[PDB]
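**Q** If you scroll down you'll find the structure; I have some questions about it.
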Amino acid sequence: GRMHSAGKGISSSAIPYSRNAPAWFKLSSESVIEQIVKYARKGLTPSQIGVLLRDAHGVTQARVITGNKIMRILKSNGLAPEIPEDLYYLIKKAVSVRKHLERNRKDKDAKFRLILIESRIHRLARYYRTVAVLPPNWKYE
Amino acid sequence: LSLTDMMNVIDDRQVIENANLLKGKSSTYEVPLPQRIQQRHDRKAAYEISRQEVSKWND
Amino acid sequence: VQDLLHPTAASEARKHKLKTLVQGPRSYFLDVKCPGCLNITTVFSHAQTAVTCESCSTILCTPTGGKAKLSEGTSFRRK
Amino acid sequence: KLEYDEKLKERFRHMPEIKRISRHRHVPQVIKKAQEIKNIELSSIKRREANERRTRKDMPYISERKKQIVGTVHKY
Amino acid sequence: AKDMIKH
Amino acid sequence: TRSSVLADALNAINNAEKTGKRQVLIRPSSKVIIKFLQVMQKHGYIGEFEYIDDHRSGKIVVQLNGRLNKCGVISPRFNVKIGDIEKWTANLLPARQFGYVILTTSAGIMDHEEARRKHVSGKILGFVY
Amino acid sequence: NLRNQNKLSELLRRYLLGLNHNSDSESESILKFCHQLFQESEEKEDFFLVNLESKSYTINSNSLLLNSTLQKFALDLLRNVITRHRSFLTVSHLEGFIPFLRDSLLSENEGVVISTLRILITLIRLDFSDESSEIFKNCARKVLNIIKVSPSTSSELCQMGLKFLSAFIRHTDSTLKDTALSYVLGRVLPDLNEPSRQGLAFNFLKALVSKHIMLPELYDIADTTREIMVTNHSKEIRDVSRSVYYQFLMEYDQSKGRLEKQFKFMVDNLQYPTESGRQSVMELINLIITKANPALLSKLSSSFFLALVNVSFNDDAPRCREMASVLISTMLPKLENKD
Amino acid sequence: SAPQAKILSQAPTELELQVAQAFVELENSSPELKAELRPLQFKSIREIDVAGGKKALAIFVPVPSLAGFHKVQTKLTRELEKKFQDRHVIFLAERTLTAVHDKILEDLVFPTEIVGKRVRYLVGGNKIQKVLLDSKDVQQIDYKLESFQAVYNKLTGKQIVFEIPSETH
Amino acid sequence: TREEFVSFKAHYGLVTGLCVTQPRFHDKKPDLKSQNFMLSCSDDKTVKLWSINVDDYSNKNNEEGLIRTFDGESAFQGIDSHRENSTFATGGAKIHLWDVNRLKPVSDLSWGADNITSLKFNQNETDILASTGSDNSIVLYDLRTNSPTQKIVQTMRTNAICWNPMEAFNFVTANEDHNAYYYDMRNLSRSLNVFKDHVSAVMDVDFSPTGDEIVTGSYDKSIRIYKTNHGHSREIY
Ligand SMILES: [Mg+2]
Ligand SMILES: [Zn+2]
């Protein structure tokens, strides 16, 4: 099922059936909001924000506890990324792979992986352009 | 304040015997249970009855 | 054999998380009492971070491949 | 004679040769192969059941008769 | 009782 | 190339029927799949089937009684006029009166005979016999 | 199909209501119309011929259904006319319909039979000739033949069966054998646990107590209805249950030990938790106070007082406190000087 | 506090007045629970009959306050049950139809939760709709299943069957 | 003679149940000597009572065909008749107790909303009735009592039930987990015996009238005969 690979793995998260907050959860919805903005101000991404809240504060899901996703909560308070997170990391990996290539000019394998990452960016970059999340003039490098 | 407290305040023992009914075990009927619980008991009581009848065939 | 519609509770326990009739998480949440201060903090079973006491800045759990290994001396309950 | 034979057969039902012939039937191919697979499954489960028991402290014994019952309304 | 009501 | 959910469900039912399995699990579900299965149930090609809700597409469990010879989806969902129905059936089914052609029409999803009764037509969805 | 029949049973029911406000119901021609409706209700050849149909016709007979529906219409129409217009309720007019009533009473459908029971109760008062009086006696037997087979008395046909049985004993001089009455109370008492469908059964119980019929099973029935008086939520059941129990307690013989228990029950039900349950109890308190012997009040006087003040003194429902004072208010003047 | 303060409705019914009197009484008795019992207010009351013959008190409430009710719902509901016995108290918010109907079902099953939902299609064409509940408070809900079904039929006009898996009933 | 007395196109849909009875009309006594009657139920939501002419006796020398039809709200799936009297029970979305002389169901029995797939009256204690549900359950009823009595939930659905002719309180169940289970009514916690030879679903079961054997029909294209005191078939047809 993997793209650019022969793997067929199925590891993933299984969201619980019920869609309300847990009974044991006894923290105000507002206090979660200020925790979210504090972390995003510090420089954490929404994915990393979710991990910290779930691990140490009992926030099973931001949507479930607060009624809105981490993305929407941050945008409501003036915090939203310049580019989508998944595209941000894919560009960051592409730069690192490129940076390795100048120093090592005989690494034909790294040349191959750069195709897969760059081609992945185009497909993702195409999608956001259609939805108007990313401005149409946006080109990769 | 229960009824017995009020009735005892007379402290006469000839007034007391006049109210012959007020002395004795409580006879207020208990509130009816939910129908499912009552029906569940009924089926159990039937099962005892049904078991007794067929057990005649045991010999 | 097995009734796909009314599977045994024991059987569903053995199945994979995604392969049950209604997939649901097997993880859970704990009350871990800090040794230093005796305060209580919520810790995810499969936590991916070294959860630290906010008051003590003391390590409670350590991330591993699966379940988080609680640091020695931190007593705990299932919540 | 026929009444004589049937008491004769039940008396010696336990001998090897008589068991071989008496229980021999020609079942269709699909049923025969299904039984062979069903046999291999039962042995594997029992072996795993036996191996499992060497190391688990509390493993109750469930009779074959009581396995199929999930529960009864009126308990006794 | 089934019989009595017949009568 | 992935296959439509309806085609996947119908293929799963066919395989479970041929292999001798007495009940099949279908995922994902759909309203159209439910209408199709209700038609097949009404004409007796299957027994009881239940829908399970997952907060997702949902799942279906269909009991099978061994009577289903074959069911399938026909594409492209070409329009068929009412008077035309007859020939299509004769061409797409084993014999004249054996099996039903299912049509999605202005009045819903229905077998060809009941569509004739209502004098309503539309695109064709699939066949069951 | 059954769904369609229920629709038709609705549409027909509307027509009958329309006839009620129609003028022709006032004329005697309607009677003849119903009378009409009653009596309207009651090889080598094939070796040559080419056969092109592989489908076979499926056997079904709705002709019986048609007859029952029309017959059901007749009885429903007839009962409406005679009740609304008294003048038609006469033996001379309705003599012709008696041979139909005997036929319908045997009908397999119970919807038609229930209507047959409805009409017969209307005509129970009406005098009839020798041949036309036997039907009331036969119907009395037939309803037993329903309570004969019927598993549970809480059925529409059984419930109406008790209705005709009640009017049978109330009005017709002939009365059934005590054993038959004894059994029927037997069948009613179990189903009495769920009084919501036993309203007609209650009225039949009321009929017996009016005539003062002595049976062992009435005493047990009195025990059960008393519980229903205080426990059942429904107001209507609590009313009728109170009346029959109230009539039972005053009239039949009871041992003095039993009497104290009955009034002992009544007072502790005053402390019943629910407001409605105790409210019905004051209704029985009020009936004893308003209508009872001075001695019975005097034996029971000081007791009723201290129980009423308790409810007035402390009770969650404000209304019950007020009533208990009212019961005390009307109870005090009637007391003797000693009490 | 007067009962009319609790009753958001301008014209309070006698039942609304009585229950609001009970609310203010629990406020006065409460030493600190009053703090949350005071802000909480309801829109309406509806008394609806059950198959068993009892009645159910559907207290219609605003959603943002319905949150606060759920915070305190268990204690308050027990007190209301004690003061109004023979009646089942339930807190419902007044509110696409599928979403709301699901939300009314959620509020009905509160404090218990729906483990799942299942719809069975018989041969003749009938449909049996079914909700599987958790066993958190199995006994108390077991006494109230008919009440839940009657309430849901009364409000949503749909037939629904409640079961508690993990138990035979 | 291996020939058909009659053939009736009874139902528009599938015949989901059939039983042979001797009805007892209250006002008429049918000629059981010259006629035999059978009840049919189908998913067209009807139950039809038929009369068949037979030649067992030559004491005479008709009215051959449909006699009475019962309309029902829901589709029927199983029908069986009380032996002592004329009452019979039908299993659809609800298990109903009909009396032959009433066009609507006389009494309604059901543990809950779950539908009933089959049923079978007892042969000696005629007042006891057993049924099976799509919820993998076996419910026991008592007509003397007119309410359901006992229920057990099994790991898989049971397709057919039969009572032992010689032991009134014993019955066997055709189960869908490749097994037939022999139960004792009074104590249903434990099964008396288990039969394991089948390799697919067991769809029907019946006792010999001698009570010492059972036969089980299966989806695996075979018929097996078991001894009641042994847990394995002695034959495969
Ligand atoms: Mg990956
Ligand atoms: Zn600490």
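Labels used: A, B, ... for chains in the order of the structure tokens, numbers from 1 for residues in each chain, and numbers from 1 for ligands as shown.
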For chain C, report every residue with an atom at most 12 Å from chain I (counting only C-alpha atoms), formatted as a tab-separated table (two decimals) with C-alpha atoms, in the first residue's frame.
**A**
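Writing done, so here's result_37.tsv:
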chain	number	residue	atom	x	y	z
C	1	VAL	CA	-15.51	-21.32	13.63
C	2	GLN	CA	-16.84	-18.02	14.94
C	3	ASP	CA	-19.97	-15.90	14.58
C	4	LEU	CA	-18.78	-12.78	12.78
C	5	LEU	CA	-21.85	-11.03	14.19
C	6	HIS	CA	-21.63	-12.16	17.85
C	7	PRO	CA	-17.92	-12.84	18.41
C	8	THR	CA	-16.76	-14.06	21.79
C	9	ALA	CA	-15.42	-11.40	24.14
C	10	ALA	CA	-12.28	-13.47	24.73
C	11	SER	CA	-11.73	-13.85	20.98
**Q** With a distance cut-off of 6 Å and only C-alpha atoms, select the neighbouring residues of residue 45 of chain C, excluding the residue or stretch itself and same-chain residues fewer than 6 positions from it, and output the selection as a PyMOL selection string.
**A** chain C and resi 27-29+67-68
**Q** Deliver the residues from the most recent selection as a file, using N, CA, C and O atoms, as a short mmCIF file (atom, residue, chain, number, x, y, z; two decimals), in the first residue's frame.
**A**
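So the final result, stored in part-v5.cif, reads:
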data_model
loop_
_atom_site.label_atom_id
_atom_site.label_comp_id
_atom_site.auth_asym_id
_atom_site.auth_seq_id
_atom_site.Cartn_x
_atom_site.Cartn_y
_atom_site.Cartn_z
N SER C 27 -4.75 1.08 24.28
CA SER C 27 -4.00 1.89 25.22
C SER C 27 -4.91 2.34 26.36
O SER C 27 -6.09 2.00 26.42
N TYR C 28 -4.35 3.12 27.28
CA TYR C 28 -5.09 3.57 28.45
C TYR C 28 -4.30 4.68 29.13
O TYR C 28 -3.18 5.00 28.73
N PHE C 29 -4.90 5.26 30.17
CA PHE C 29 -4.33 6.39 30.88
C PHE C 29 -4.16 6.05 32.35
O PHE C 29 -4.94 5.28 32.92
N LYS C 67 4.83 0.35 25.17
CA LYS C 67 4.38 0.95 26.41
C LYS C 67 5.52 1.73 27.06
O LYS C 67 6.68 1.33 27.00
N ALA C 68 5.17 2.85 27.68
CA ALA C 68 6.16 3.66 28.37
C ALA C 68 6.58 2.99 29.67
O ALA C 68 5.73 2.61 30.49
#
**Q** Please identify every residue of chain A that has at least one atom no more than 12 Å from any atom of chain F, counting only C-alpha atoms, and report them as a count of residues only.
**A** 6
**Q** Which residues are near ligand 1 in this structure, taking near to mean any atom at most 12 Å from a ligand atom and counting only C-alpha atoms and all ligand atoms? Format them as a count of residues only.
**A** 12
**Q** Could you give me the residues within 12 Å of ligand 2, counting only C-alpha atoms and all ligand atoms, as a PyMOL selection string?
**A** chain C and resi 32-41+51-60+73-74
**Q** H:18, H:168, H:126, H:30: which is nearest chain F, counting only C-alpha atoms?
**A** H:126
**Q** Which residues of chain H come within 8 Å of chain G, and for each one, what is the closest pair of atoms and their distance in Å to one decimal, counting only C-alpha atoms, sorted by chain and residue number, as JSON lines?
**A**
{"residue": "H:53", "atom": "CA", "partner": "G:233", "partner_atom": "CA", "distance": 6.7}
{"residue": "H:54", "atom": "CA", "partner": "G:233", "partner_atom": "CA", "distance": 7.0}
{"residue": "H:83", "atom": "CA", "partner": "G:316", "partner_atom": "CA", "distance": 7.6}
{"residue": "H:85", "atom": "CA", "partner": "G:274", "partner_atom": "CA", "distance": 6.5}
{"residue": "H:86", "atom": "CA", "partner": "G:274", "partner_atom": "CA", "distance": 7.1}
**Q** What is the distance between atom CA of residue 82 of chain F and atom CA of residue 37 of chain F, in Å to one decimal?
**A**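 So the answer is 23.3 Å.
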